[PDB]
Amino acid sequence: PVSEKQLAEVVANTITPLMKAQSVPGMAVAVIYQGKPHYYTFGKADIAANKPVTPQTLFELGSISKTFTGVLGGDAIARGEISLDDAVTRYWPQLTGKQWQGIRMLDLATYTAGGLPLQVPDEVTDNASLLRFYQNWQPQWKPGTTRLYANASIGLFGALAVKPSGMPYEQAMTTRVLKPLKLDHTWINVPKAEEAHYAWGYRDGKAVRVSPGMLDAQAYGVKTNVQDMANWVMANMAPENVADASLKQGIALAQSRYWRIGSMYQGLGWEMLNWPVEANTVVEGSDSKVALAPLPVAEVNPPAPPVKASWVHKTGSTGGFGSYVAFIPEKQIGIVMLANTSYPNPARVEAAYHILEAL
């Protein structure tokens, strides 16, 4: 049984050279092992103000925000409020363009609508221009044939999934996901009182933080500390300990397999590979060139319920922040790495895999 001290050493020996090589100012790391999180903090949250990273330091999750989106959507499914096989137009009847016929909520959630682009364009600043954008979009592929990772895809899924609830997105997330899981320092908007804890991101030496954007909360806008993130991972690793029945089911639905794309499987926000997996498989899958490509899909129908023997993971970045989460439900181990610089995904994966290997 790996010592506590031994675990600390492995983390230090992996994280310290990583931060040196990748010019990372600060990191917070959690390792989940034997039923609880272990925290390790390194370096500075704010270089100018000389503020250390602590377990309260807020980082920008970037695309790891989508894991919340997926679980919130899963929760809505488990409540009976939406179905993944529903048409998109059931929840947005103003979306009258005929290219939307035959496109499901599932396709939005899992990036298979047929070529929705990575980003919502910057000129999209309100509901009218969001409508125009989707109305004018011309799919390069038929639905359910091609995966193209897209904020514009899951972002819309998220906005539509809450519509039957009657609640705005932020409120639905807080009441149905954050509060039940006691994630009380996880924010889309950082309150005044919490601002002291907000790290700065760093890029080529400049401090930066993420700007507002349409559908940001659904795709890339969440800020959190290492504690809430460790506990988010624990709930997703071990849903059997989550009390609220719809939320328990919603966590399962987000880790269900809907499509196979080579050696990876798409869930709701979460991505999965079968365990055991070799480091090189997961690493080379995390390269931009692969991660941003249009690739063919193979449907999993019916969707496969969660496979415990999975490497379940998500990468996320903003201009100034670089983060990664992975866990293996079969082994009850997991890892959170939050950093205030966006360094290459392969380097996140390699470090995370090495640390979990030790367990």
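Heads up: residue numbers just count along the shown sequence, starting at 1.
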| message | Regarding 172-180 and 204-212, which shows the higher C-alpha temperature factor on average in the entry? | response | 204-212
| remark: When mean C-alpha B-factors in the record are compared for 22-30 and 317-325, the larger belongs to 22-30
| Can you tell me which of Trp187, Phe157, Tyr265, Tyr149 has the highest Cα temperature factor in the record? | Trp187
| note | Per the deposited entry, the peak Cα B-factor within the set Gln135, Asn241, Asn225, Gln255 goes to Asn241
| Lowest, middle or highest third - CA B-factor, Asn280 | highest
| request: State the tercile, meaning the lowest, middle or highest third, of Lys66 with respect to the CA B-factors recorded for its chain. | output: lowest
| query | Taking the entry's C-alpha B-factors for this chain, is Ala199 in the lowest, middle or highest third? | reply | middle
| query | Should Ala12 be placed in the lowest, middle or highest third of its chain by the C-alpha B factor in the entry? | reply | highest
| said: Could you place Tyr91 in the lowest, middle or highest third of its chain by Cα temperature factor, using the values in the record? | reply: middle
